[PDB]
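Trainee: To be precise about what I am sending: the file is called final_0.cif and holds mmCIF, C-alpha atoms and all ligand atoms.
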data_coords
loop_
_atom_site.label_atom_id
_atom_site.label_comp_id
_atom_site.auth_asym_id
_atom_site.auth_seq_id
_atom_site.Cartn_x
_atom_site.Cartn_y
_atom_site.Cartn_z
CA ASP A 1 -11.52 10.13 4.19
CA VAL A 2 -8.37 11.27 2.39
CA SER A 3 -8.01 12.70 -1.11
CA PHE A 4 -5.46 13.11 -3.90
CA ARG A 5 -5.82 14.99 -7.19
CA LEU A 6 -3.47 14.28 -10.10
CA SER A 7 -4.41 17.60 -11.71
CA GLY A 8 -1.65 19.99 -10.66
CA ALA A 9 0.02 17.28 -8.55
CA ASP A 10 3.66 17.66 -7.59
CA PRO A 11 6.01 16.02 -5.07
CA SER A 12 4.68 18.36 -2.36
CA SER A 13 0.96 17.63 -2.85
CA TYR A 14 1.69 13.91 -3.16
CA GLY A 15 3.66 14.13 0.10
CA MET A 16 0.66 15.79 1.77
CA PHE A 17 -1.57 12.95 0.54
CA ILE A 18 0.75 10.24 1.91
CA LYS A 19 0.86 12.15 5.21
CA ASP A 20 -2.98 12.31 5.30
CA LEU A 21 -3.14 8.59 4.49
CA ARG A 22 -0.74 7.70 7.34
CA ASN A 23 -2.60 10.01 9.74
CA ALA A 24 -5.96 8.42 8.92
CA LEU A 25 -4.78 5.02 10.19
CA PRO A 26 -5.58 4.66 13.87
CA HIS A 27 -3.10 3.47 16.49
CA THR A 28 -2.92 3.51 20.30
CA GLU A 29 0.77 2.63 20.62
CA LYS A 30 4.12 3.32 18.99
CA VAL A 31 6.89 0.73 18.92
CA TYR A 32 10.36 2.24 18.61
CA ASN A 33 8.54 5.47 17.71
CA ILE A 34 6.67 3.90 14.76
CA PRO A 35 2.85 3.75 14.83
CA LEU A 36 1.60 0.22 15.57
CA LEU A 37 -1.52 -0.61 13.56
CA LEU A 38 -4.41 -2.03 15.55
CA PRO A 39 -5.05 -5.77 15.96
CA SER A 40 -8.61 -5.28 14.70
CA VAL A 41 -11.42 -2.80 14.17
CA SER A 42 -15.08 -3.86 14.02
CA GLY A 43 -17.67 -2.71 11.52
CA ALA A 44 -17.32 0.11 9.01
CA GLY A 45 -14.60 1.85 11.05
CA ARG A 46 -12.24 -0.79 9.69
CA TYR A 47 -12.19 0.87 6.24
CA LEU A 48 -10.68 4.15 5.09
CA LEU A 49 -11.94 5.72 1.85
CA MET A 50 -9.35 7.31 -0.44
CA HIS A 51 -10.78 9.66 -3.06
CA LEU A 52 -8.48 9.69 -6.08
CA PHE A 53 -8.97 12.04 -9.02
CA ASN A 54 -7.27 11.59 -12.37
CA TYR A 55 -5.94 14.56 -14.32
CA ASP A 56 -9.36 15.16 -15.98
CA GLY A 57 -11.09 15.21 -12.58
CA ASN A 58 -12.74 11.78 -12.82
CA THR A 59 -12.71 9.91 -9.53
CA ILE A 60 -12.56 6.52 -7.93
CA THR A 61 -12.97 5.84 -4.23
CA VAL A 62 -10.68 3.15 -2.81
CA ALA A 63 -11.48 1.20 0.37
CA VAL A 64 -8.47 0.43 2.58
CA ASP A 65 -8.40 -1.86 5.64
CA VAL A 66 -6.86 0.36 8.35
CA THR A 67 -5.36 -2.57 10.29
CA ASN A 68 -3.03 -3.63 7.44
CA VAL A 69 -3.27 -0.94 4.67
CA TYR A 70 -4.64 -3.56 2.29
CA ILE A 71 -6.86 -2.28 -0.51
CA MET A 72 -10.17 -4.19 -0.40
CA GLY A 73 -11.95 -2.72 -3.41
CA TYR A 74 -13.00 0.50 -5.06
CA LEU A 75 -15.99 2.38 -6.45
CA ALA A 76 -16.04 3.75 -9.98
CA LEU A 77 -19.14 5.74 -10.95
CA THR A 78 -22.01 3.39 -9.88
CA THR A 79 -20.07 0.11 -9.89
CA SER A 80 -18.13 -1.35 -6.97
CA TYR A 81 -15.22 -3.78 -7.46
CA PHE A 82 -13.82 -6.09 -4.75
CA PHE A 83 -10.96 -8.56 -4.68
CA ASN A 84 -11.91 -12.23 -4.70
CA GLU A 85 -10.99 -12.96 -1.09
CA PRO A 86 -12.83 -13.23 2.21
CA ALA A 87 -11.47 -9.95 3.68
CA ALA A 88 -12.78 -8.02 0.65
CA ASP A 89 -16.10 -9.88 0.66
CA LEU A 90 -16.45 -8.78 4.30
CA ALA A 91 -15.54 -5.20 3.35
CA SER A 92 -18.32 -5.24 0.74
CA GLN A 93 -20.81 -5.51 3.62
CA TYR A 94 -19.79 -2.02 4.81
CA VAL A 95 -18.52 0.15 1.92
CA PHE A 96 -20.01 1.22 -1.43
CA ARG A 97 -23.39 -0.32 -0.53
CA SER A 98 -25.15 2.32 -2.66
CA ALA A 99 -23.42 1.06 -5.85
CA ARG A 100 -25.89 -0.02 -8.54
CA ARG A 101 -23.89 -3.23 -9.06
CA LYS A 102 -20.98 -5.04 -7.47
CA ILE A 103 -18.32 -6.88 -9.44
CA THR A 104 -15.96 -9.32 -7.76
CA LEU A 105 -12.60 -9.17 -9.54
CA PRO A 106 -11.28 -12.54 -10.80
CA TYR A 107 -8.27 -12.47 -8.44
CA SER A 108 -7.30 -11.78 -4.84
CA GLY A 109 -5.28 -8.68 -3.93
CA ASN A 110 -1.90 -10.27 -3.27
CA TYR A 111 1.06 -9.44 -5.50
CA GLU A 112 1.53 -12.96 -6.80
CA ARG A 113 -2.06 -13.25 -8.09
CA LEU A 114 -2.17 -9.70 -9.47
CA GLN A 115 1.11 -10.20 -11.37
CA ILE A 116 -0.28 -13.45 -12.83
CA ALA A 117 -3.49 -11.66 -13.89
CA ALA A 118 -1.51 -8.71 -15.28
CA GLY A 119 0.89 -10.97 -17.20
CA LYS A 120 4.03 -9.40 -15.73
CA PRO A 121 5.93 -9.02 -12.47
CA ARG A 122 5.88 -5.56 -11.01
CA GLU A 123 9.66 -5.34 -11.61
CA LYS A 124 8.57 -4.56 -15.18
CA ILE A 125 5.66 -2.17 -14.43
CA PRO A 126 6.61 1.53 -14.29
CA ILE A 127 5.27 3.50 -11.34
CA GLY A 128 5.01 7.21 -10.63
CA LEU A 129 2.36 9.91 -10.63
CA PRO A 130 1.69 9.56 -14.36
CA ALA A 131 1.23 5.79 -13.87
CA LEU A 132 -1.17 6.51 -10.99
CA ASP A 133 -3.15 8.88 -13.24
CA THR A 134 -3.34 6.03 -15.81
CA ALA A 135 -4.29 3.48 -13.16
CA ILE A 136 -7.21 5.61 -12.00
CA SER A 137 -8.39 6.06 -15.59
CA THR A 138 -8.13 2.31 -16.24
CA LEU A 139 -10.15 1.39 -13.17
CA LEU A 140 -13.03 3.66 -14.28
CA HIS A 141 -13.94 1.11 -16.96
CA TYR A 142 -13.92 -2.59 -16.19
CA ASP A 143 -11.20 -4.65 -17.85
CA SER A 144 -9.88 -7.25 -15.39
CA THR A 145 -6.51 -7.78 -17.12
CA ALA A 146 -5.84 -4.03 -17.37
CA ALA A 147 -7.15 -3.55 -13.83
CA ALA A 148 -4.58 -6.01 -12.39
CA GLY A 149 -1.71 -3.82 -13.63
CA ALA A 150 -3.50 -0.64 -12.55
CA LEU A 151 -3.99 -2.13 -9.08
CA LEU A 152 -0.28 -3.03 -8.80
CA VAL A 153 0.45 0.62 -9.56
CA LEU A 154 -2.24 1.84 -7.17
CA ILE A 155 -1.12 -0.35 -4.26
CA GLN A 156 2.52 0.72 -4.56
CA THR A 157 1.87 4.41 -4.96
CA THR A 158 -0.52 4.48 -2.05
CA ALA A 159 -0.20 1.77 0.64
CA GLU A 160 3.47 0.99 0.09
CA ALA A 161 4.42 4.70 0.08
CA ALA A 162 2.45 5.13 3.33
CA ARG A 163 4.41 2.29 4.89
CA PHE A 164 7.93 3.33 3.76
CA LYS A 165 9.35 6.83 3.43
CA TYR A 166 11.82 5.45 0.87
CA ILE A 167 8.95 4.39 -1.42
CA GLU A 168 7.16 7.73 -0.96
CA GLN A 169 10.40 9.42 -2.07
CA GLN A 170 10.72 7.02 -5.02
CA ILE A 171 7.27 8.11 -6.24
CA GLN A 172 8.11 11.78 -5.64
CA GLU A 173 11.15 11.24 -7.91
CA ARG A 174 8.69 9.88 -10.49
CA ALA A 175 6.30 12.86 -10.28
CA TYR A 176 6.57 13.59 -14.03
CA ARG A 177 8.24 10.42 -15.42
CA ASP A 178 7.36 6.82 -14.58
CA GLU A 179 10.06 4.28 -13.88
CA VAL A 180 9.98 0.66 -12.75
CA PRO A 181 10.47 0.32 -8.97
CA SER A 182 14.01 -0.07 -7.64
CA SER A 183 14.83 -3.55 -6.34
CA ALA A 184 15.11 -1.90 -2.89
CA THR A 185 11.48 -0.83 -3.29
CA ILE A 186 10.43 -4.39 -4.18
CA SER A 187 12.46 -5.74 -1.26
CA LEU A 188 10.81 -3.40 1.25
CA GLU A 189 7.33 -4.22 -0.05
CA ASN A 190 8.07 -7.92 0.32
CA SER A 191 9.53 -7.44 3.82
CA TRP A 192 6.88 -5.26 5.49
CA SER A 193 5.30 -8.11 7.45
CA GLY A 194 8.71 -9.51 8.44
CA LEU A 195 10.08 -6.12 9.51
CA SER A 196 6.88 -5.25 11.37
CA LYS A 197 7.17 -8.53 13.30
CA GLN A 198 10.90 -8.28 14.12
CA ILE A 199 10.58 -4.67 15.28
CA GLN A 200 7.84 -5.81 17.66
CA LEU A 201 9.86 -8.88 18.78
CA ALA A 202 12.83 -6.59 19.43
CA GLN A 203 10.85 -4.85 22.24
CA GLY A 204 11.63 -7.54 24.84
CA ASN A 205 14.94 -8.48 23.21
CA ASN A 206 17.03 -5.32 23.77
CA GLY A 207 16.23 -3.93 20.32
CA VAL A 208 17.62 -7.06 18.62
CA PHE A 209 15.67 -8.97 15.94
CA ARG A 210 14.92 -12.62 16.79
CA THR A 211 15.42 -13.37 13.08
CA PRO A 212 17.36 -11.05 10.74
CA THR A 213 15.56 -9.51 7.75
CA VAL A 214 17.32 -9.60 4.37
CA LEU A 215 16.90 -6.49 2.19
CA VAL A 216 18.31 -5.09 -1.04
CA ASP A 217 19.69 -1.55 -0.58
CA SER A 218 19.71 1.44 -2.98
CA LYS A 219 22.88 0.21 -4.77
CA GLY A 220 21.34 -3.25 -5.36
CA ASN A 221 23.40 -4.80 -2.54
CA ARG A 222 21.74 -7.44 -0.33
CA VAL A 223 21.99 -6.46 3.39
CA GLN A 224 20.93 -8.08 6.69
CA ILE A 225 18.84 -6.05 9.16
CA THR A 226 19.47 -7.34 12.70
CA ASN A 227 18.35 -4.63 15.12
CA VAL A 228 16.40 -1.39 15.57
CA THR A 229 19.42 0.92 15.01
CA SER A 230 19.19 0.23 11.26
CA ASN A 231 18.13 3.18 9.08
CA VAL A 232 15.23 1.07 7.80
CA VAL A 233 13.82 1.14 11.35
CA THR A 234 14.89 4.66 12.45
CA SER A 235 14.07 6.58 9.26
CA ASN A 236 12.18 4.51 6.66
CA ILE A 237 9.30 2.33 7.94
CA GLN A 238 6.29 4.45 9.04
CA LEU A 239 3.70 1.82 10.00
CA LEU A 240 3.85 -1.58 11.69
CA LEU A 241 1.56 -4.48 10.95
CA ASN A 242 0.45 -5.82 14.34
CA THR A 243 1.98 -9.25 15.13
CA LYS A 244 -1.54 -10.40 15.96
CA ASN A 245 -2.14 -10.22 12.18
CA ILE A 246 1.09 -12.04 11.18
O1 LIG B 301 1.34 -10.30 -1.59
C1 LIG B 301 0.79 -9.29 -1.31
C2 LIG B 301 0.87 -8.24 -2.15
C3 LIG B 301 0.26 -7.04 -1.88
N1 LIG B 301 -0.34 -6.97 -0.74
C4 LIG B 301 -1.03 -5.80 -0.38
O2 LIG B 301 -2.18 -5.83 -1.15
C5 LIG B 301 -2.90 -4.75 -0.62
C6 LIG B 301 -4.23 -4.84 -1.35
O3 LIG B 301 -4.67 -6.24 -1.47
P1 LIG B 301 -5.63 -7.15 -0.50
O4 LIG B 301 -5.60 -6.67 0.91
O5 LIG B 301 -6.95 -7.31 -1.11
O6 LIG B 301 -5.05 -8.65 -0.56
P2 LIG B 301 -4.55 -9.65 0.59
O7 LIG B 301 -3.21 -9.12 0.78
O8 LIG B 301 -5.44 -9.52 1.80
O9 LIG B 301 -4.51 -11.01 -0.03
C7 LIG B 301 -1.82 -3.65 -0.70
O10 LIG B 301 -2.00 -2.54 0.20
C8 LIG B 301 -0.47 -4.44 -0.55
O11 LIG B 301 0.25 -4.39 0.65
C9 LIG B 301 -0.41 -8.07 0.12
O12 LIG B 301 -0.98 -7.98 1.20
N2 LIG B 301 0.17 -9.20 -0.17
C1 LIG B 302 22.94 -3.59 14.75
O1 LIG B 302 22.77 -3.06 13.45
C2 LIG B 302 23.71 -2.06 13.17
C3 LIG B 302 23.27 -1.30 11.92
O2 LIG B 302 23.30 -2.15 10.79
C4 LIG B 302 25.06 -2.74 12.99
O3 LIG B 302 26.06 -1.80 12.66
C5 LIG B 302 25.45 -3.45 14.29
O4 LIG B 302 26.55 -4.30 14.03
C6 LIG B 302 24.30 -4.27 14.89
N1 LIG B 302 24.52 -4.46 16.31
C7 LIG B 302 24.09 -5.53 16.98
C8 LIG B 302 24.38 -5.57 18.45
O5 LIG B 302 23.49 -6.47 16.45
#
Take the structure from the file and write it as structure tokens.

Mentor:
Amino acid sequence: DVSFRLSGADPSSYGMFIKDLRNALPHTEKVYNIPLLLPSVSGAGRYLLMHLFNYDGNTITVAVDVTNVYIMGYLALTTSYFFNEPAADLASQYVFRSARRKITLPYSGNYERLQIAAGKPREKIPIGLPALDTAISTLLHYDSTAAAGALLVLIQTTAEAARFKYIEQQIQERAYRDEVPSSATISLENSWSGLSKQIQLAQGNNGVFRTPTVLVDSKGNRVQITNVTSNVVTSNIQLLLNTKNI
């Protein structure tokens, strides 16, 4: 398991958490020096538990699928909550079994459905360590509309930061003040599957992408990524979704 405490949190301790999170995801291979997530893992070993504590020391435990860094559900006090999708339903067979009751959330975990449930796109939802503190607090007490927004915050400040150093740094910049994600952040989140695939396809193609990936950079400019020499590949992305899962 990995842990993060918002009480006394700073960019350093958050950085240590994102490092622990990355290091808890198993891999047997690196592709262009980036860890390649496994095609599959059977049984309970598929799920990592993240223990998150809000500023007051209250805690939720979040279950993460280690093959794709997708959040499946979470435990708050004696109640478990899972996304309304088959992967989460499967996860509920292995994690938080000791919960007194299990609630299935009225949405799946993808961004489109969460944004619908939350009533806003995540372009308009501030993120940062204070927002994560809030998200944790919100998830302690069931409110499915509030939870959708909290989960958008949670996903981005955890999984997405694990996947991209740029996003980790974005959150570190928001250690004491929330701010909506940069469009570069949104772009990277939306492109993780695509990038993961093209980096793998580049292996037998002299480092060249079979299909270019379009991203928005830090200045808001739309750029094409065509090969593994790009800074997105050499410096930014930290985890690859296995093509077997794409
Ligand atoms: O369109 C999206 C938006 C978000 N996520 C991921 O959602 C995860 C948690 O959701 P879940 O795995 O339950 O949903 P699924 O993506 O399997 O539909 C996060 O780590 C995000 O990467 C996603 O897979 N697809
Ligand atoms: C590869 O990408 C780099 C970095 O963006 C770019 O400068 C170069 O033109 C590309 N080279 C090839 C062979 O595609």

Trainee: Write out as a compact mmCIF listing (two decimals) with C-alpha atoms, keeping the file's coordinate frame the residues lying within 10 Å of residue 222 (chain A), counting only C-alpha atoms and excluding same-chain residues fewer than 5 positions away.

Mentor:
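Below you can see part-v6.txt, which holds the result:
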# COMPACT_ATOMS: atom_id res chain seq x y z
CA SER A 183 14.83 -3.55 -6.34
CA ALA A 184 15.11 -1.90 -2.89
CA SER A 187 12.46 -5.74 -1.26
CA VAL A 214 17.32 -9.60 4.37
CA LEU A 215 16.90 -6.49 2.19
CA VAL A 216 18.31 -5.09 -1.04
CA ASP A 217 19.69 -1.55 -0.58

Trainee: Once you count only C-alpha atoms and all ligand atoms, which residues end up within 9 Å of ligand LIG 301 (chain B), and could you hand them over as a PyMOL selection string?

Mentor: chain A and resi 64-65+68-73+82-88+108-114+151-152+154-156+158-160+163+189-190+192-193

Trainee: Which residues form the shell of 9 Å around ligand LIG 302 (chain B) when you count only C-alpha atoms and all ligand atoms, given as a JSON list (two decimals) with C-alpha atoms, keeping the file's coordinate frame?

Mentor:
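This went into part-v8.json:
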[["chain", "number", "residue", "atom", "x", "y", "z"],
["A", 207, "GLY", "CA", 16.23, -3.93, 20.32],
["A", 208, "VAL", "CA", 17.62, -7.06, 18.62],
["A", 209, "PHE", "CA", 15.67, -8.97, 15.94],
["A", 223, "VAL", "CA", 21.99, -6.46, 3.39],
["A", 224, "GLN", "CA", 20.93, -8.08, 6.69],
["A", 225, "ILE", "CA", 18.84, -6.05, 9.16],
["A", 226, "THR", "CA", 19.47, -7.34, 12.70],
["A", 227, "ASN", "CA", 18.35, -4.63, 15.12],
["A", 228, "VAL", "CA", 16.40, -1.39, 15.57],
["A", 229, "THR", "CA", 19.42, 0.92, 15.01],
["A", 230, "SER", "CA", 19.19, 0.23, 11.26],
["A", 231, "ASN", "CA", 18.13, 3.18, 9.08]]

Trainee: A:218, A:145, A:101, A:34: which is nearest residue 76 (chain A), counting all atoms listed in the file?

Mentor: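 Comparing A:218, A:145, A:101, A:34 against residue 76 (chain A), the winner is A:101.
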
Trainee: Quote the spacing between CA of residue 133 (chain A) and CA of residue 185 (chain A) in Å to one decimal place.

Mentor: 20.2 Å

Trainee: Quick one: pull the distance between CA of residue 63 (chain A) and CA of residue 37 (chain A), Å, one decimal.

Mentor: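 Computing it gives 16.6 Å between the two atoms.
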
Trainee: Enter the distance from CA of residue 22 (chain A) to CA of residue 173 (chain A), in Å, rounded to one decimal.

Mentor: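 Distance between the two atoms: 19.7 Å.
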
Trainee: When you count all atoms listed in the file, which of these residues is closest to residue 33 (chain A): A:134, A:236, A:243, A:79?

Mentor: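 Looking only at the distances to residue 33 (chain A), the closest residue turns out to be A:236.
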
Trainee: Excluding same-chain residues fewer than 3 positions from residue 48 (chain A), what lies within 8 Å of it counting only C-alpha atoms, as a list in words?

Mentor: residues 1, 2, 24, 25, 45, 62, 63, 64, 65 and 66 of chain A

Trainee: For each of A:141, A:177, A:97, A:51, take the minimum atom-to-atom distance to residue 11 (chain A), counting all atoms listed in the file, then give the residue where this is smallest.

Mentor: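 Of all the options, A:177 lies closest to residue 11 (chain A).
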
Trainee: Using all atoms listed in the file for the distances, tell me which of A:182, A:23, A:77, A:57 is nearest to residue 124 (chain A).

Mentor: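 Distance minimum relative to residue 124 (chain A) lands on A:182.
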
Trainee: Which of these residues is nearest to residue 6 (chain A), using all atoms listed in the file: A:41, A:118, A:52, A:147?

Mentor: A:52

Trainee: Need the shell around residue 172 (chain A): protein/DNA/RNA residues with any atom at most 8 Å away, counting all atoms listed in the file. Skip same-chain ones fewer than 4 positions apart. Format as a PDB file with C-alpha atoms, in the frame of the given file?

Mentor:
ATOM      1  CA  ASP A  10       3.660  17.660  -7.590  1.00  0.00           C
ATOM      2  CA  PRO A  11       6.010  16.020  -5.070  1.00  0.00           C
ATOM      3  CA  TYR A  14       1.690  13.910  -3.160  1.00  0.00           C
ATOM      4  CA  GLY A  15       3.660  14.130   0.100  1.00  0.00           C
ATOM      5  CA  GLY A 128       5.010   7.210 -10.630  1.00  0.00           C
ATOM      6  CA  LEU A 129       2.360   9.910 -10.630  1.00  0.00           C
ATOM      7  CA  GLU A 168       7.160   7.730  -0.960  1.00  0.00           C
TER       8      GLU A 168
END

Trainee: Could you give me the axis-aligned bounding box of region 62-78 of chain A, with 8 Å of padding per side, as centre plus edge lengths in Å to one decimal, as JSON?

Mentor:
{"center_x": -12.5, "center_y": 0.8, "center_z": -0.3, "size_x": 35.0, "size_y": 25.9, "size_z": 37.2}

Trainee: Give as a PyMOL selection string the set of residues within 9 Å of the point (7.9, -6.9, 9.7), where distances use the file's coordinates and only C-alpha atoms.

Mentor: chain A and resi 191-200+213+240-243+246

Trainee: How would the residues just picked look written out with C-alpha atoms as a short mmCIF file (atom, residue, chain, number, x, y, z; two decimals), in the coordinates of the input?

Mentor:
data_model
loop_
_atom_site.label_atom_id
_atom_site.label_comp_id
_atom_site.auth_asym_id
_atom_site.auth_seq_id
_atom_site.Cartn_x
_atom_site.Cartn_y
_atom_site.Cartn_z
CA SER A 191 9.53 -7.44 3.82
CA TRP A 192 6.88 -5.26 5.49
CA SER A 193 5.30 -8.11 7.45
CA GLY A 194 8.71 -9.51 8.44
CA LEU A 195 10.08 -6.12 9.51
CA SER A 196 6.88 -5.25 11.37
CA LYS A 197 7.17 -8.53 13.30
CA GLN A 198 10.90 -8.28 14.12
CA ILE A 199 10.58 -4.67 15.28
CA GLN A 200 7.84 -5.81 17.66
CA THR A 213 15.56 -9.51 7.75
CA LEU A 240 3.85 -1.58 11.69
CA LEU A 241 1.56 -4.48 10.95
CA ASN A 242 0.45 -5.82 14.34
CA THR A 243 1.98 -9.25 15.13
CA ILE A 246 1.09 -12.04 11.18
#

Trainee: With only C-alpha atoms as the atoms that count, which of A:235, A:205, A:59, A:78 lies nearest to residue 100 (chain A)?

Mentor: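 For residue 100 (chain A), the nearest of the candidates is A:78.
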
Trainee: Using all atoms listed in the file, which residues sit within 7 Å of residue 237 (chain A) once same-chain residues fewer than 2 positions away are excluded, as a ChimeraX atom specification?

Mentor: /A:163-165,232-233,235,239
